[PDB]
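> So that we are looking at the same thing, I have put the structure below in structure tokens.
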Amino acid sequence: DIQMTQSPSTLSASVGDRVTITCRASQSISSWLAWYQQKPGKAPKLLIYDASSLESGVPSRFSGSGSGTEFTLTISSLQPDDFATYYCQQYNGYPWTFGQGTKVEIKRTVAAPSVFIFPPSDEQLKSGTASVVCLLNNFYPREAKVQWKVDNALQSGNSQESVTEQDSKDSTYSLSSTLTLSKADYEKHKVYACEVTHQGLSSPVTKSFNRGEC
Amino acid sequence: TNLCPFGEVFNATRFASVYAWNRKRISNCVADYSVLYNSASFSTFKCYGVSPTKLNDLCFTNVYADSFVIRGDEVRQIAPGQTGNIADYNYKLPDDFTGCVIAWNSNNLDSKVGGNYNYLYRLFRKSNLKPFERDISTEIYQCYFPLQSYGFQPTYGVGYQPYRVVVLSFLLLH
Amino acid sequence: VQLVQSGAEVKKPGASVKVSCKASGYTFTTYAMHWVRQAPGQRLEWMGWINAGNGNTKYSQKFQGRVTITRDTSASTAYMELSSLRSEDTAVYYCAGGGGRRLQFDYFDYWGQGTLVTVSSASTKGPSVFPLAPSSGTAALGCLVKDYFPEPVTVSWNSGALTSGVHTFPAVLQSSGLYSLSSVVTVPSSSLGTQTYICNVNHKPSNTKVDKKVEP
Ligand SMILES: *[C@@H]1O[C@H](CO[C@@H]2O[C@@H](C)[C@@H](O)[C@@H](O)[C@@H]2O)[C@@H](O)[C@H](O)[C@H]1NC(C)=O
């Protein structure tokens, strides 16, 4: 069973940049290797096979390379519709297997977020469950940590995130994390806040509310 | 004054199924036979016209490079006058063939764990093929199928492992 | 060469799903047809393929004895069926294939639209929408679409009439078993009392409509 690991898991670049993802293999696959392009909500598209053969009517700017065990996919100069995730796939082995991929996203200047915190509505609080929502609006790059504190107790494992695709206008992501917790647990305590750590904040930012506006 | 692209032939990443064997015509150019004569990456190198000793494009008007993959036992069928499945149904040389058969073991390239079902050969045919005649048909019978896969996998014995074959015919007509 | 698959299905664990993939404009009659699935935001998995001629199949061991690939030569359609689903199996399911003139089972030339298959121990139910109120320059407020099990939900704001500043997040799957996401907009805090903000949630599968006022 043959494992493929593509090297820059994500990649910011601007239109016109030369761009070079990498794909490496457990074993050698001598040249039996295809590259694919995938955009959200759309099936993949073949780009290069047998490591260098450029599929029909795929622009010449794509170019595969490498034999044996390390392979590359240059893009001579990037165009707007080249922003996608890219996979490799070996056909030396069996099961055919793919890499994890490389999202190739739009480089943008650093954009610190605007943090917001939302208590559960009393409307929900009638159901026996409370949801506490922390919004990170319109930030870039993607790397960002969210720590929930309840009465200044770390909360771990009871909060899920979700993230938008790079916004069309300003090329920024946004995250919503959510502390779900029992009704009594929310009622037991007072201090609920979330802590955001982003490339651009100089210092972790905390955004807080007290149960019943205390 | 420009060179003959044997490299495009021999060093090709992919090779043809013998049933649909490939033929590349080598027009005006010069490349050296003795390069391969010494190459000794070759397990089968038999010539029927003359020893590869001519050292130039000496006295030749057209050169046809047929290439394909058969299994290891089958190479002895790429000769004048053989009569097996490959000679009868997939690739028949003229009895008065004058040319070189070149074969070499491709277990490492064309075999696959799980088995390489890409490579194919024709199994029945109403009548034998005339030499250099070809058949790429894929007609189901009435209702059973005429091609079979080698399915090379690299633990098969050398009798069943892939072999890459290059057959160089030589035209003199001018 | 055009591959068109079968809509989308969702079934209970232990059941089976059949997915057809009719393919048109193939010039020849012998080509490879694979199935490869994509779990949520995850790697692509190759499962197996069939031969368009003799009907031979090569399956990945990971699914051996669980899947079955039929080839219906008469209506140029390829079927994939996976039985006794373990909910590890929620994914999109593409049929790939290609080679055309030259056979190869190596790489995938043309893909289908993808068909999405969900495995869960849940029945259809509409959401329960909850408001996300502001505090305090620029203010942020939202809705919340919680505890729903269709496949999708779609949310707008003030009857399609707020598009700048809206953000609607990809869903989240709760250990309860129900999808739950949230949609928000950033607005000027100065014009908060004057304006009325109301999000417009619709989730079609369960025939359900909700438009929840948001205020402070
Ligand atoms: C095929 O290649 C043989 C190996 O030597 C090298 O192979 C590849 C990787 C290139 O780097 C090539 O330029 C090198 O020579 C050659 O020795 C051999 O002559 C080549 N065959 C033909 C017909 O040219």
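Protein chains in written order, with the entry's author numbering: chain L, 1 to 107, 114 to 220; chain E, 333 to 474, 488 to 519; chain H, 2 to 137, 143 to 222. Beta carbons: idealized from backbone N, C-alpha and C, even for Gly.
1) Using a Cβ-Cβ cut-off of less than 7 angstroms, give me the residues of the segment 5-31 of chain H that come near chain E, in sequence order.
2) Please give the ranges of any alpha helix (DSSP H) in the segment 350-436 of chain E, keeping only runs that are unbroken, at least 4 residues long and fully inside the region.
3) To the nearest angstrom, how far is it from the Cα of residue 42/H to the Cα of residue 47/L?
4) Are the CB atoms of residue 144/L and residue 178/L nearer to each other than 9 angstroms?
5) Hey, does residue 36/L have any beta-carbon neighbour from chain H nearer than 9 angstroms?
6) Of the choices 157/L, 204/L, 174/L and 152/L, whose alpha-carbon is the least far from that of residue 165/L?
7) Taking Cβ-Cβ distances below 9 angstroms as the criterion, which residues of the segment 339-355 of chain E are in contact with chain H?
8) Within 9 angstroms of any Cβ in chain L, is that where the Cβ of residue 108/H sits?
9) Whose C-alpha, out of 100/H, 118/H, 120/H and 2/H, is nearest the C-alpha of residue 483/E?
10) Could you name the residues of chain E that residue 94/L contacts, counting a contact when the two beta carbons are closer than 9 angstroms?
11) Specify whether the segment 66-82 of chain H and the segment 188-207 of chain L touch according to this definition: at least 3 beta carbon pairs, one from each stretch, less than 8 angstroms apart.
12) On the DSSP letters alone, give me the boundaries of the alpha helix (DSSP H) that residue 10/H sits inside.
13) I want to check one thing, is the minimum distance from the CB of residue 68/L to the heavy atoms of ligand 1 below 8 angstroms?
14) Within this structure, are the beta carbons of residue 510/E and residue 434/E separated by less than 9 angstroms?
15) So which residues on chain E does residue 30/L lean against when the C-beta distance must stay under 7 angstroms?
16) So residue 206/H packs on residue 137/H, CB below 8 angstroms; how close in whole Å?
17) Which residues are close to ligand 1, meaning CB closer than 5 angstroms to any heavy atom, in chain order?
18) Helix, strand or coil for residue 83/L? Go by DSSP, reduced to three states.
19) Quick one: which chain H residues come within Cβ less than 8 angstroms of residue 450/E?
20) Taking Cβ positions, are residue 59/H and residue 446/E nearer each other than 9 angstroms?
21) So is residue 200/H buried or exposed if we call it buried at 16+ other beta carbons inside 10 Å?
22) Considering only DSSP beta bridges, list what residue 24/L is partnered with.
23) Strictly under 9 angstroms for the Cβ-Cβ distance: is residue 91/L near chain E by that measure?
24) Smallest Cα separation from residue 346/E: which of 517/E, 468/E and 443/E?
25) Determine the extent of the alpha helix (DSSP H) in which residue 340/E is found, giving its start and end residues.
26) Output needed for residue 143/H: all residues of its chain with C-beta closer than 7 angstroms, excluding positions within five of it in sequence on either side, in chain order.
27) Assuming residue 217/H is part of the beta strand (DSSP E), what are its boundary residues?
Quick look at the numbers:
1) 30 and 31
2) 366-369 and 417-421
3) The residue you call residue 42/H lines up with position 41 of the third sequence. The residue you call residue 47/L lines up with position 47 of the first sequence. Cα to Cα, the separation comes out at about 21 angstroms.
4) As a working note, residue 144/L is residue 138 in the first sequence. As a working note, residue 178/L is residue 172 in the first sequence. The answer is yes: Cβ separation under 9 angstroms.
5) What you label residue 36/L is simply residue 36 of the first sequence in a count that begins at 1. By this cut-off, residue 36/L is an interface position.
6) Within the first sequence, numbered from 1, the residue matching residue 165/L stands at position 159. Answer by Cα proximity: 152/L.
7) 346, 348, 349 and 352
8) For the purposes of this step, residue 108/H is taken as the residue at position 107 of the third sequence. Residue 108/H counts as touching chain L.
9) Since the model of chain E includes 474 and then 488 but nothing between them, residue 483/E has no atomic positions to report.
10) By 1-based counting over the first sequence, the position of residue 94/L is 94. Near residue 94/L (Cβ distances below 9 angstroms), the residues of chain E are 444, 445, 446 and 447.
11) no
12) As a first step, residue 10/H is located in the third sequence; it is residue number 9 there, counting from the start. Counting along the chain, residue 10/H falls outside any alpha helix (DSSP H), though it belongs to the beta strand (DSSP E) covering 9-12.
13) To locate residue 68/L, count along the first sequence from 1; it is residue 68. No, since every heavy atom of ligand 1 falls outside the 8 angstroms radius drawn around the Cβ of residue 68/L.
14) Here the question's residue 510/E lines up with position 165 in the second sequence. Here the question's residue 434/E lines up with position 102 in the second sequence. Yes, they are a contact pair.
15) By 1-based counting over the first sequence, the position of residue 30/L is 30. Result: 441.
16) For the purposes of this step, residue 206/H is identified with residue 200 of the third sequence, where counting begins at 1. For the purposes of this step, residue 137/H is identified with residue 136 of the third sequence, where counting begins at 1. That pair is no contact at about 26 angstroms.
17) 338/E, 339/E, 342/E and 343/E
18) Residue numbering aside, residue 83/L sits at position 83 when the first sequence is read from its first letter. Coil, per DSSP.
19) Residue mapping note: residue 450/E aligns to position 118 of the second sequence, counting from 1. Chain H residues near residue 450/E: 104, 105, 106 and 107.
20) For the purposes of this step, residue 59/H is identified with residue 58 of the third sequence, where counting begins at 1. For the purposes of this step, residue 446/E is identified with residue 114 of the second sequence, where counting begins at 1. Yes.
21) Within the third sequence, the letter at position 194 stands for residue 200/H. It counts as exposed.
22) Taking the first sequence and counting its residues from 1, the one referred to as residue 24/L is at position 24. Residue 24/L pairs with 5/L and 70/L.
23) By 1-based counting over the first sequence, the position of residue 91/L is 91. True, the Cβ-Cβ gap to chain E drops below 9 angstroms.
24) Reading the second sequence from its first residue, position 14 is the one you call residue 346/E. Cα-wise, what sits closest to residue 346/E is 443/E.
25) Indexing the second sequence from 1 puts residue 340/E at position 8. Note, residue 340/E: alpha helix (DSSP H), 338-342.
26) For this step, residue 143/H is matched to residue 137 along the third sequence. Correct list, in chain order: 195.
27) Translated into positions along the third sequence, residue 217/H becomes position 211. From DSSP, the beta strand (DSSP E) with residue 217/H extends over 214-220.
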